[PDB]
């Protein structure tokens, strides 16, 4: 146990009275609305989102990185920190690894995971940066690089990610690359995309029968003029071209200003190509901020689409959700905790929507009551539900407060040496 049980118990007991009052008050209010709070809590306690191993360390910008104390030294320290998030929120049982940052003996990774009560989600390849001893640089691209040898090198890297994943229990490979151009004319849009499609087709052939290959679009950054996989349209063309095992990932902050992101989610689901959603929030670009910290309603609207799919009876829909954030000015663990909380919060609210009433207002084109039907769910404070779900599953009623009371950060700060060079 990363966090002492007596601490979790103590902090839970301290807040039990208030939780009881709020939960029972909410339960009665929901009952008057025809909703069984117990049915909602039962589903909330089973909603999981993968945590990125790279999100536990402090992030930075091109201008600077301001590390906190006790920064994880490697993947094993990162898993240790991910275990804190899972123990306290019970919403992040699986961790997504990034290669080569997290490269290590697969057996040791699996053993540590099992010891901490953590599983492993989708593997993530890295061809947006150069690793030591690399025969070819990814400065001008990777999977879509003009140089055949460079693409082959990128392909082999992705195949290695699959091998590592097969050894630790992973069932998917996520591919996000920075490939693109910074100047008009620098790249031939079509040929670059063709090169990418050819390389991804090779990676696709290395997929086990029960694996998925996820491609992730991004409007810009690192490329500032054009990006090969720039939007969901190109992303759909990729997944449709590659095959049944290839699907698209939607990262909230990877879209143009004012984009209706929830619609993209709906479109991909309709055509069976929504592999998963990567959570974070943003205001300007791919800010990678804590989920729901900027636009909580948008997060709820994305979940409304995810829940409606289930309501419509979409078959074989098992998206692979993951948080992908950079924590530049907070304790990474605390941000991941509250971000996972916001995600469950939006999910819980989406479950409260009176779909029967909504379908009626939609058919009669009663726009005001339709939007108000969504708002009645979104306006509901579901914190008591989230808190009870945690209590029941061994988590903390107030995760961050408990984390702080445990003195975990100070503890790892004394155990881990800060990098000097």
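Numbering follows the first chain given and starts at 1.
Averaged over CA atoms, B-factors in the entry run higher in 361 to 369 than in the other of 361 to 369 and 377 to 385. With 111 to 119 and 279 to 287 compared on mean CA B-factor from the PDB entry, the stretch scoring higher is 111 to 119.
As recorded in the PDB entry, 106 shows the highest C-alpha B-factor of the residues 106, 180, 332, 233. You'll see in the entry that, of 208, 292, 257, 222, the Cα B factor peaks at 208. Ranked by C-alpha B-factor against the other modelled residues of its chain, residue 324 falls in the lowest third. Among the modelled residues of the chain, residue 317 sits in the highest third by CA temperature factor in this PDB entry. Split the chain's modelled residues into thirds by C-alpha temperature factor. Residue 133 is in the highest one.
Sorting the modelled residues of the chain by their CA temperature factor places residue 337 in the lowest third. Annotation for residue 139: CA B-factor lies in the lowest third of the chain's modelled residues.
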